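So that you can tell them apart, the chains are marked A, B, C, D and E in the order they are listed, and the count of residues begins at 1 in each.
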Amino acid sequence: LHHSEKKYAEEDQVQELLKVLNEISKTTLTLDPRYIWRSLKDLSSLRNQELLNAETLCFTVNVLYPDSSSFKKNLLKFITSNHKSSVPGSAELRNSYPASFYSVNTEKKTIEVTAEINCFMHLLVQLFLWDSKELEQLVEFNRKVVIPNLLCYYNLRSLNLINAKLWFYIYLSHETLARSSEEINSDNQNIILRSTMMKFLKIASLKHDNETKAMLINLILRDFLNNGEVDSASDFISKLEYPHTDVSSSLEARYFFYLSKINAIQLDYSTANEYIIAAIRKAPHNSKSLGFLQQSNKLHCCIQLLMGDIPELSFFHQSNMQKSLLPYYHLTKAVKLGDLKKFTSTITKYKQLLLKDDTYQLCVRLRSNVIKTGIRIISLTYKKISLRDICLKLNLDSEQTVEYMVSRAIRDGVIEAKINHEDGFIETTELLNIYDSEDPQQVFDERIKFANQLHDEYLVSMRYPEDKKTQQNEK
Amino acid sequence: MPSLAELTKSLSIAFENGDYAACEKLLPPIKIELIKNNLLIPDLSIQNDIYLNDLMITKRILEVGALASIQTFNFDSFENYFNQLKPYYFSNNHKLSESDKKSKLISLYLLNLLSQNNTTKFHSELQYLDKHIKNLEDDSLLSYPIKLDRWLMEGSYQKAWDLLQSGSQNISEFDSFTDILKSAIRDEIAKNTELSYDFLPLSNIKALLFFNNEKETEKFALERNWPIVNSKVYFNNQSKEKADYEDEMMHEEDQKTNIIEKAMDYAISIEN
Amino acid sequence: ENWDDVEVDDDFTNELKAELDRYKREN
Amino acid sequence: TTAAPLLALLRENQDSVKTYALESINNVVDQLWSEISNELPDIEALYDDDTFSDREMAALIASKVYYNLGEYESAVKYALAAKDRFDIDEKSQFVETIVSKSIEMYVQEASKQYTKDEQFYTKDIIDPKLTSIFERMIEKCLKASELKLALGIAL
Amino acid sequence: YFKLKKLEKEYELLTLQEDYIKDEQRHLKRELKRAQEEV
């Protein structure tokens, strides 16, 4: 019973291992194993639950263990090990074959098979930890191991794609430990985590790995927003080390999401409004990306309201996620009509929901945008309007108060009007008739290069596959 | 003004007796003994020393040290004590005795940023605070920098002037940054009617910037270079030019044609 | 799709226009 | 620990206190360099100061800033400014790149000045900042019993 | 030691083919002039 369960999963694990084993040996095929490793994460997670945990026990006995003897026992110690044929050396699948890692040449240390075996061993360990939700001592123990091992080994172009997915598990397992319980050991542990990211980033820049730098930057930018340090994030994004070529669309959408929140508090929403749009377009529409689409859609509505523009209501209607968008719908109506009591009562009841995503601090700026938008509505519809006519609509304080609020928006060119104190009425200074001016021409010259932007990123991609197509023999 | 052998008690006694210039003379010997034992700044590792040795009395050294530099109107020193207090009120978990102790000392740095019209560092420290819903909003103290940012963005300058006057906390700690930031309020409201609004009035602008005397109004016009005519004051500076060199931006002349001509040679260079 | 469907108005229903018939005879 | 306030305190008196201030900075030079870089001009200004005797330790701080900034040419100048703290035998990705960068710029000047004089390697024709690391790297390769990198760079 | 020798040997192909693709465009322009004569 238990014997047939251990040999079935290990045969499938070696079958998937031998595929990427022969591809990295000859020249550089590394683009091919990258596609296999995408499905390896999903195929291993479903396989971990079946055949209990014993698939990883016999796999270590098969190959040679540099560090991995005590790590399995320590992993099996927390679960109250049940020992069945647990003596090392019970299952031997090698039997002296070249693809089986021939034992005599391996045990005599005349050849080194550890490079591809050890780096692949750490990948399967991190998968069971996140699947079984094992925390506390097992999180810190594995962090003290993998990090020193990566500094000793020299990662080639193919080897840099191994640990690239291991950096995600180091940061994820640490954040789940901090949110579960807070202590003095959690703050000091994050200090080393921030120090290790800066040392390996320089090494990854020399190898010019696209997936490695894409995974690091996404994890590094998130740490900056947790501590709230702009000076660290501002200088980091100025280098532009993030390759846009071979990175996946899921890694791109996460990159544009960070830039929207950085420029939001910098009071420049012109560039931030495009970053939140690019994050949605690059993110897939499937169910696994709903976690990113839920947060990105909530940030888009916050960016618009801070610009003075009001987003469309169909976004809160035709979508299927509107159940979570209900708190942001009441903020849409309160800004339009300019009601002061409606905005104060809206953020009071939903304050509990706004604390989770930390968007309640951005709602403080919305208190000013309620009046700024109401002035824009009445100024565009009414060209020449008196001074006291505004205070009778929005129920403002006095005539001197509204005079200062109108002169505030003309700084950035929002209202585009003038205040005449002698005559005592505000007149709109926009006569339109800009068709004869050169202002539309500035956008025209930019849209000429926008069409050519997709031209240089495309024609190259046609010949990209054609090499291996024409090199293979055709019938 | 040294008093006892301990540099902490000698600084506290000289703090209440005045002469803040002599209090900085004892600053160099403070860092001499602390850095050797690494007691000046909390170490990121675990030295088994948190509330012991001089780490308990060091928080009181830089507390009155920042209060000494704010009275001397030193912006270079005030930013130094704040960065030295950055690791403090952070480590030692969430609890020592009073935890953050006085929370208005940190807000002094937030209030000084609004006088320089810097929104980058002002809103950056809002997320740096541990309690967003307690020591920031629910806290009745430190309300000058936070609430003023709401009234300035709202556009009401009448209630913004009452925060620096009607408040009871501006007597001692916030007194130094009151009149300094008051000059920043009048400079911002004056620029609202300056660039866009063309012909400036006489008696009205006195009430916008809160001027008590009419002669103070003319003194502000000489520093801002306002053209003066008979019984009126105009503004001729609406047009902007020069400002170092600008290429391919803001209404070029000869280079504007080359921008369109470059787009034609762009597609040709790709085929090349 | 903006300021259209659910927000509506909550005026211009009855009482506002019902008075307008009296204004024609008051001139 | 934090180097941000310490770099702004270097404009005061008591240079002996500045020695203890630079000791705690050398830990965060590879960490907070993205932050304290605003105070970087104050570090370079002290190097030309005749009353500033800490330039030996101050050269190590600036050498790790401009390098991580993306300027490889500057990392060679600030490393050899002191001619003391710089350790070529230390194995790190910071030193190996500065060595390779100094050799790359040394080959460009070697193929030119060779026409005028063949003795330039024994003379001052080349600024010793180019030949300082170039000479120490060859001696390091000879002690490692590796003739591939020693003879290849020599050519 | 072959990595050092074969390193500079590959730049000869990058040097020729850099200006060789430009010669094909100049030849393409000559073929367009001949195409107008064919009409």
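Before moving on, here are some points about what is shown:
Basically, a residue touches a chain if its C-beta (ideal position, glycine included) is under 8 Å from a C-beta of that chain, and two chains touch if they have at least 3 such contacts.
The chains that touch subunit D as well as subunit E are B.
With centres taken as mean Cα positions, subunit C sits 51 Å from subunit B.
In this assembly, the C-alpha centroid of subunit B lies 37 Å from the C-alpha centroid of subunit D. Subunit C and subunit D have Cα centroids separated by 79 Å.
Within subunit E, contacts with two or more other chains are made by no residue at all.
A list of each chain pair in contact follows: A-B, A-C, A-D, B-D, B-E, D-E.
Those residues of subunit A lying in contact with subunit D across their complex are 194-195, 198-199, 202-203, 206, 229, 231-232, 235-236, 239.
Contacts from subunit B toward subunit D in the complex involve residues 28, 31-32, 35-36, 38, 40-44, 76, 79-81, 83-84, 86-87. Interface residues of subunit D facing subunit B in the complex, by the touch rule stated above, are 1-2, 4-5, 8-9, 11-14, 17, 20-21, 23-24. By the touch criterion stated above, subunit B contacts subunit E in their complex at residues 271-272. Taken together, the subunit C residues at the contact with subunit A in this complex read 1-7.
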